[PDB]
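Examining the three-dimensional arrangement
Listed below, chain by chain, are the residues.
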Amino acid sequence: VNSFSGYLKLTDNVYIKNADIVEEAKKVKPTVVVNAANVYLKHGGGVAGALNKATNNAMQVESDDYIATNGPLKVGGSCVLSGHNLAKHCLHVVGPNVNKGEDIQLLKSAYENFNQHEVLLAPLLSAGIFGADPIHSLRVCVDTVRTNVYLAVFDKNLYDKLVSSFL
Ligand SMILES: O=c1[nH]nc([C@H]2CCCN(c3ncnc4[nH]ccc34)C2)o1
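These notes cover the structure that comes with them. (Residues numbered from 1 in each chain as written, not as in the entry; some residues may be left out. Heavy atoms only, no water.)

Moving on: the overall build of the protein chain. Secondary structure assignment for the protein chain yields 6 helices and 7 strands. Radius of gyration (C-alpha) of the protein chain: 14 Å, near the 15 Å computed for a compact globule of 167 residues. Counting only C-alpha atoms and orienting by the principal axes, one finds that the protein chain spans roughly 45 × 35 × 30 Å. A burial count over the protein chain gives 51% of its 167 residues as buried. Taking as baseline every contact in the protein chain between residues at least 6 positions apart, the subset at least 24 positions apart corresponds to 66%. (Helix = DSSP H or I, 4+ residues; strand = E, 2+ residues; numbered from the N terminus. Rg over C-alpha atoms; globule rule 2.2 N^0.38 Å. Buried < 20%, exposed > 50% of the residue type's maximum accessible area, 1.4 Å probe, protein only. Contact = heavy atoms within 4.5 Å.)

The next thing to look at is the nonpolar core. Within the largest apolar cluster, 26 residues are counted, with the highest numbers of intra-cluster contacts made by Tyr111, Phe114 and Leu151. For this core, the secondary structure elements donating two or more residues are β2 (14-18), β3 (32-36), β5 (89-93), α4 (106-112), β6 (119-122), α5 (134-144), β7 (148-153) and α6 (156-164). Examining the composition of this core, we find that 4 residues originate from one element, α5, more than from any other. Beyond its immediate chain neighbours, meaning those up to four positions away, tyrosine 111 contacts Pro123, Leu124, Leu125, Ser137, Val140, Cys141, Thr144 and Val145. Ranked by size, the runner-up nonpolar core spans 17 residues in total, among them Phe4, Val22, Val28 and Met59. (Core = buried A, V, L, I, M, F, W, Y, C linked by side-chain atoms within 4.5 Å.)

A word on the site of the ligand. The ligand sits among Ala19, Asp20, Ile21, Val47, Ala50, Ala127, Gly128, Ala152 and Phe154. The side chain of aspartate 20 places a nitrogen or oxygen atom 3.3 Å from a nitrogen atom of the ligand. Take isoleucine 21: an N or O atom from its main chain is 3.1 Å from a nitrogen atom of the ligand. Within the complex, 73% of the 450 Å² of free accessible area of the ligand lies under protein. Taken together, the residues of the shell around the ligand sort by class into 7 nonpolar, 1 polar and 1 charged. (Near = heavy atom within 4 Å. Polar contact = N/O pair within 3.5 Å; in protein donor to acceptor, adjacent residues only side chain to side chain. Areas by Shrake-Rupley, 256 points an atom, 1.4 Å probe, with all protein chains shown as cover. Nonpolar A, V, L, I, M, F, W, Y, C, P; charged D, E, K, R; others polar.)

Attention now moves to the packing of aromatic side chains. All told, the structure shown has 5 aromatic pairs when counted by the stated rule. Relative to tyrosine 150, the ring of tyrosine 15 has its centre 4.8 Å away and its plane inclined at 10°; by these criteria the two rings are stacked. Placement of the pair is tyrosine 15 in strand β2 and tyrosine 150 in strand β7, with a sequence separation of 135 residues. Judged on exposure class, the residue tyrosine 15 and its partner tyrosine 150 are both buried. A network of ring pairs unites the aromatic residues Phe4, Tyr7, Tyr15 and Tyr150 as a single cluster. (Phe/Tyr/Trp six-rings, centres within 6.5 Å; stacked < 30°, edge-to-face > 60°.)

Turning next to the pairing of β2. Consecutive residues of a regular strand have side chains that alternate between opposite faces of the sheet. Summarising burial for β2: 4 of the 5 residues are buried, a large majority. Summarising the sheet, strand β1 (residues 8-9) and β2 pair through 2 bridges and their orientation is antiparallel. Within the sheet, the bridge partner assigned to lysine 9 lies in β2 and is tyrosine 15. Between the end of β1 and the start of β2, which pair antiparallel, lie 4 residues. Relative to β7, β2 runs parallel, the two sharing 5 bridges. In the sheet register, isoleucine 16 faces β7, and the bridge partner there is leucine 151. (Pairing = 2+ DSSP bridges.)

So, in structure tokens, the structure goes:
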């Protein structure tokens, strides 16, 4: 039993809710919240900008130190950093950005990072300002993630479309 509330069950292990991931993290305080990161951990907009803003920029400060030490992530890769006031940990995962021409096949590699964590609160990777089709992202999620994932979809219109079109 866990504290996630109001989710629709899509499969054995994937759940979905129309929710602001920032507000959901603040309420549940999950072990892991996933950030829709880029390779530079520059949290300017989208989910990343919103999560970082909610940490009062502490996520960005920590991220800048991480990059200065380790260099950029790979597209499809991830790193575990603090969850600050939102979660125990933040898993920063880099989905391909279609608006940069990155290979959509890397979306499966990106979701594989979730399998290293038993339970996660997450957005749909590569959706929103990353330019991919969110229906496709949900399909890859369901077909790749085997651990328990609670997906937060900000847009109510998109949430209803994802549910109604789910196979
Ligand atoms: O307006 C739109 N069009 N496409 C989106 C998705 C992609 C980027 C943001 N993403 C989120 N998912 C869950 N929580 C969130 N908080 C803030 C953002 C957010 C949804 O948003």
